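*Asks:* Numbered by the authors' numbering, the letters in the sequence shown go through residues 15 to 147, 149 to 485 in order.
Ideal Cβ placement from N, Cα and C applies to all residues, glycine included.
Please read through the structure below; I'll follow up with questions.
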Amino acid sequence: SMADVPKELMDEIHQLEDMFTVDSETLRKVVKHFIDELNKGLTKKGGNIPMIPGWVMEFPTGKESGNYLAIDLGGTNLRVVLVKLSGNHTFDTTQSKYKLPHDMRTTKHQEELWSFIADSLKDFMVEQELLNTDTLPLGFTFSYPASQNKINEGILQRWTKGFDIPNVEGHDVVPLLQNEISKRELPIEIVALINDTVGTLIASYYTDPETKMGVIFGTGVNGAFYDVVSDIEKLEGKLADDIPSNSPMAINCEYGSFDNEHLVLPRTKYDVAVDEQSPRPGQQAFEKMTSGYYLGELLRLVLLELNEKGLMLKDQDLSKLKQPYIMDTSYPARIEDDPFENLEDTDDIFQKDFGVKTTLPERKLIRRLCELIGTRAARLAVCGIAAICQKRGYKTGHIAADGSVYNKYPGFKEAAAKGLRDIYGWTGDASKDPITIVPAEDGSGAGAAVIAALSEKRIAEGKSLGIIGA
Ligand SMILES: OC[C@H]1O[C@@H](O)[C@H](O)[C@@H](O)[C@@H]1O
């Protein structure tokens with residue numbers, strides 16, 4: 015409880031509560047502007063929300079069959095996956111995991127990244143003995160901003176989620192990987208570049224036709240959904256006749272860039288601080304305050320400012336806490352996950368990891384802080400779901416969700432659901448909820464394979480997969 019915390023700290027906890035609490039009226043405010051930005055991003059003039067086409071113009075039926083490869087570039091490790099779509103409305107996947115070398119996510123020699131992915135593919139080929147012969152369709156899940164005018168293209172906009180490699184931005188990633196595959200004479204062809212949220216949208220629809228959206232609450236945030244071609248104004252008169260107006264089209268929103276103008280989001284001085292000190296300030300406004308990548312950075316700055324104010328961690332060595340992005344989301348997650356009255360797990364963390372001693376009330380505050388920024392992250396993140404469900408007329412449906420924060424972060428699922436009930440105003444038992452958030456399918460694995468299948472079928476039918484002349 016709080017029945018033994020000094021008045022100095024209780025007054026700070028009350029202010030932190032007031033700034034990190036987002037009521038239902040504010041959520042509804044954010045959502046309305048969110049909807050405008052979604053529409054604006056579909057016009058030629060554009061907007062801060064990219065609204066990138068995914069070039070998937072069909073719903074998976076289940077009758078899809080074949081052997082498709084699918085790689086997934088995460089920040090921690092590369093994931094090669096073989097997917098046998100049986101057509102029984104399920105799949106059989108043989109996968110591998112290849113750890114990323116130390117400085118890889120940050121390497122100055124970009125050729126090492128592609129060289130790594132290609133070599134890892136060859137190992138998977140020899141271990142699965144599938145190095146005889149058709150050309151294996153490959154689905155490449157590249158979950159970073161990348162505009163695409165056709166499905167087998169991905170021009171890197173900017174690195175996120177801890178990635179920083181020199182000469183890849185503004186470049187098509189696909190040929191980089193493709194002509195590395197061909198140097199090793201591997202029987203692979205990149206048939207599709209897919210965003211993790213889109214692969215998720217499709218993998219889940221494949222096994223749940225009630226899937227209205229595929230969202231990621233992970234080290235990054237993003238959401239994909241099926242729109243209709245006619246709604247996408249910017250593609251007006253840039254498409255072939257095999258892509259009609261009533262046609263479905265998976266949209267990769269890339270809405271982590273929402274409100275870069277800063278006109279609705281309840282940013283605080285700590286939020287502004289995180290932004291100003293981040294690699295590229297003025298970017299990812301929405302993402303910076305809901306994303307797993309930044310949640311710990313928030314905690315770090317609040318702790319630092321409360322210290323440089325003679326209120327907390329007095330006469331302690333904050334030498335280790337001074338390093339930016341030293342705290343990832345595991346810290347808030349583990350602090351909130353502390354089962355002990357005296358918060359003994361938390362104590363151990365600041366001692367072993369940062370070499371700083373805390374009193375009991377100091378951990379009482381740290382803990383309540385992790386609750387506030389985590390609950391706000393949830394309540395704000397679901398504003399993208401309500402916005403999409405309302406721009407389209409989705410009265411009911413399932414939202415396929417994945418991500419390390421959705422999955423691992425304590426009480427996040429509950430918070431995201433309550434945040435969603437507050438926005439709509441729903442009252443009673445949660446089973447009555449017309450729209451619910453459900454655990455997603457394998458988006459980067461199964462999903463990408465299901466998209467390679469849908470893509471090869473169009474190639475075979477001679478039909479297009481991008482804008483004319485792309
Ligand atoms: O990983 C989830 C999301 O992370 C964001 O940082 C990227 O821009 C998106 O492409 C991705 O969908």
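Could you work out which residue in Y439, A467, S100, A461 is closest to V45 when comparing CA atoms only?
*Replies:* Reading the sequence shown from its first residue, position 31 is the one you call residue 45. The shortest C-alpha separation from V45 is found at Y439.
*Asks:* On the DSSP letters alone, give me the boundaries of the alpha helix (DSSP H) that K303 sits inside.
*Replies:* Mapped onto the sequence shown, residue 303 falls at position 288. Start and end: 300 to 303.
*Asks:* Can you name the start and end residues of the alpha helix (DSSP H) that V189 belongs to?
*Replies:* Within the sequence shown, residue 189 is the residue found at index 174, counting from 1. Unbroken alpha helix (DSSP H) run through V189: 188 to 196.
*Asks:* If you run the structure through DSSP and keep just helix, strand and coil, what is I27?
*Replies:* One-based indexing of the sequence shown puts residue 27 at position 13. Residue state, collapsed to three classes: helix.
*Asks:* Give me the Cβ distance between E195 and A132, rounded to the nearest whole Å; I'm assuming they're in contact under 8 Å.
*Replies:* Looking up residue 195 in the sequence shown gives position 180. Looking up residue 132 in the sequence shown gives position 118. With 8 Å as the limit, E195 and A132 qualify as a contact, their Cβ atoms being about 4 Å apart.
*Asks:* When the Cα of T451 is compared with those of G418, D457, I414, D444, which residue comes out closest?
*Replies:* On the sequence shown, residue 451 is found 436 positions in, with the first residue counted as 1. Comparing Cα positions, the closest option is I414.
*Asks:* Please report the straight-line C-alpha distance between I403 and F240, rounded to a whole angstrom.
*Replies:* Walking along the sequence shown from the start, residue 403 turns up at place 388. Walking along the sequence shown from the start, residue 240 turns up at place 225. Cα to Cα, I403 sits roughly 8 Å from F240.
*Asks:* In this structure, how does DSSP classify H413 when only helix, strand and coil are distinguished?
*Replies:* Sequence index remark: in the sequence shown, residue 413 carries index 398 (1-based). DSSP places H413 in strand when its eight states are reduced to three.
*Asks:* Excluding five sequence neighbours on each side, which residues of the same chain lie with their C-beta closer than 6 Å to the C-beta of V397?
*Replies:* For the purposes of this step, residue 397 is taken as the residue at position 382 of the sequence shown. For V397, where only same-chain residues beyond five positions count, the Cβ hits under 6 Å are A431, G434, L435.
*Asks:* Can you tell me where the beta strand (DSSP E) holding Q405 begins and where it ends?
*Replies:* Here residue 405 corresponds to residue number 390 of the sequence shown, with the count starting at 1. Element bounds for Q405: not the beta strand (DSSP E) but the alpha helix (DSSP H), 398 to 406.
*Asks:* Cβ-heavy atom distance between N422 and ligand 1 below 7 Å?
*Replies:* Taking the first residue of the sequence shown as 1, we reach residue 422 at position 407. Flag unset: Cβ of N422 not near ligand 1.
*Asks:* So who's on the other strand from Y241, going by DSSP bridges?
*Replies:* Residue 241 sits at position 226 when you count from the first residue of the sequence shown. Paired residues: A265.
*Asks:* Would you kindly work out how many angstroms separate the C-alpha atoms of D343 and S272, rounded to a whole number?
*Replies:* By 1-based counting over the sequence shown, the position of residue 343 is 328. By 1-based counting over the sequence shown, the position of residue 272 is 257. If you draw a straight line from the Cα of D343 to the Cα of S272, it is about 21 Å long.
*Asks:* Quick one: what's got a C-beta closer than 6 Å to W441's C-beta in the same chain, skipping five residues either side?
*Replies:* Here residue 441 is taken as the residue at index 426 of the sequence shown, counted from 1. Result list for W441: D448, in chain order.
*Asks:* Suppose contacts are defined by Cβ-Cβ distances below 8 Å. Is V36 in contact with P281 by that definition?
*Replies:* As a working note, residue 36 is residue 22 in the sequence shown. As a working note, residue 281 is residue 266 in the sequence shown. The answer is yes: Cβ separation under 8 Å.
*Asks:* Quick check on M228: does DSSP put it in helix, strand or coil?
*Replies:* The count along the sequence shown starts at 1 and reaches residue 228 at position 213. Secondary structure of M228 (DSSP, three-state): strand.
*Asks:* Look up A84 in the DSSP assignment and say whether it is helix, strand or coil.
*Replies:* Numbered from its first residue, the sequence shown carries residue 84 at position 70. The answer is strand: DSSP assigns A84 an E or B state.
*Asks:* Count the other CB atoms within 10 Å of the CB of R391; is the residue buried (16 or more) or exposed (fewer)?
*Replies:* The residue labelled residue 391 in the question sits at position 376 within the sequence shown. Flag for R391 reads buried.
*Asks:* Are the CB atoms of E456 and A218 within a distance shorter than 8 Å?
*Replies:* The residue given as residue 218 occupies position 203 in the sequence shown. The residue given as residue 456 occupies position 441 in the sequence shown. Contact flag set, yes.
*Asks:* What ranges does the beta strand (DSSP E) occupy inside the region 35 to 87, keeping only unbroken runs of at least 3 residues that lie completely in it?
*Replies:* The qualifying runs are 80 to 87.
*Asks:* Please indicate yes or no: does the CB of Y112 lie closer than 7 Å to some heavy atom of ligand 1?
*Replies:* Residue numbering aside, residue 112 sits at position 98 when the sequence shown is read from its first letter. If you check the C-beta of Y112 against ligand 1, you find no heavy atom less than 7 Å away.
*Asks:* Using a threshold of 7 Å, is the CB atom of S158 nearer than that to any non-hydrogen atom of ligand 1?
*Replies:* The count along the sequence shown starts at 1 and reaches residue 158 at position 143. Indeed, a heavy atom of ligand 1 lies less than 7 Å from the Cβ.
*Asks:* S306 and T234 look like a contact to me (Cβ under 8 Å); what is the Cβ gap, rounded to whole Å?
*Replies:* Counting from one through the sequence shown, the residue named residue 306 turns up at place 291. Counting from one through the sequence shown, the residue named residue 234 turns up at place 219. Rounded, the Cβ-Cβ distance is 7 Å, consistent with contact.
*Asks:* Could you tell me whether the Cβ atoms of residue 148 and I166 are closer together than 8 Å?
*Replies:* Residue 148 cannot be located in this model; the chain continues from 147 straight on to 149.
*Asks:* What do you reckon, is the C-beta of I450 under 7 Å from a heavy atom of ligand 1?
*Replies:* The count along the sequence shown starts at 1 and reaches residue 450 at position 435. Every heavy atom of ligand 1 is 7 Å or more from the Cβ of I450, so no.
*Asks:* I want to know whether the region 183 to 203 touches the region 408 to 426 - three or more CB-CB distances under 8 Å.
*Replies:* Fewer than three pairs of CB atoms, one per stretch, sit closer than 8 Å, so the region 183 to 203 makes no contact with the region 408 to 426.
*Asks:* Among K43, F73, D363, which has the Cα closest to the Cα of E225?
*Replies:* The count along the sequence shown starts at 1 and reaches residue 225 at position 210. Of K43, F73, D363, the residue nearest in Cα terms is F73.
*Asks:* Taking Cβ to Cβ, would you say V206 is nearer than 8 Å to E476?
*Replies:* The residue given as residue 206 occupies position 191 in the sequence shown. The residue given as residue 476 occupies position 461 in the sequence shown. For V206 and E476, no; Cβs fall outside 8 Å.
*Asks:* Measure how close the beta-carbons of residue 531 and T175 come, nearest whole angstrom, since I'm counting them as under 8 Å.
*Replies:* A query on residue 531 cannot be resolved here, the shown segment of the chain reaching from 15 to 485 and no further.
*Asks:* Assuming contact is defined by CB atoms lying nearer than 8 Å, are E78 and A468 in contact in what I supplied?
*Replies:* To locate residue 78, count along the sequence shown from 1; it is residue 64. To locate residue 468, count along the sequence shown from 1; it is residue 453. Their beta carbons are under 8 Å apart, which means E78 touches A468 by this criterion.
*Asks:* Say the cut is 7 Å; is the CB of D211 nearer than that to a heavy atom of ligand 3?
*Replies:* This structure simply doesn't include ligand 3; it includes ligand 1 instead.
*Asks:* Considering only heavy atoms of ligand 1, does any lie closer than 7 Å to the CB of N261?
*Replies:* As a working note, residue 261 is residue 246 in the sequence shown. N261 Cβ: outside cutoff for every heavy atom of ligand 1.
*Asks:* Where does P20 fall in DSSP's three states?
*Replies:* Taking the sequence shown and counting its residues from 1, one reaches residue 20 at position 6. Of the three classes helix, strand and coil, the one that applies to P20 here is coil, per DSSP.
*Asks:* From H103 to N81, what distance separates their C-alpha atoms?
*Replies:* What you label residue 103 is simply residue 89 of the sequence shown in a count that begins at 1. What you label residue 81 is simply residue 67 of the sequence shown in a count that begins at 1. Computed Cα separation, rounded: 14 Å.
*Asks:* Among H123, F130, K227, which residue has its Cα nearest to the Cα of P181?
*Replies:* Stepping through the sequence shown from its first residue, residue 181 is reached at position 166. Residue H123 is the option with its Cα nearest to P181.
*Asks:* Report all residues from its chain with a CB closer than 6 Å to the CB of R378; omit the five preceding and five following residues, and keep chain order.
*Replies:* Here residue 378 refers to the residue found at position 363 of the sequence shown. If we look at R378 and ignore the five residues flanking it on each side, its Cβ neighbours are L358, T361.
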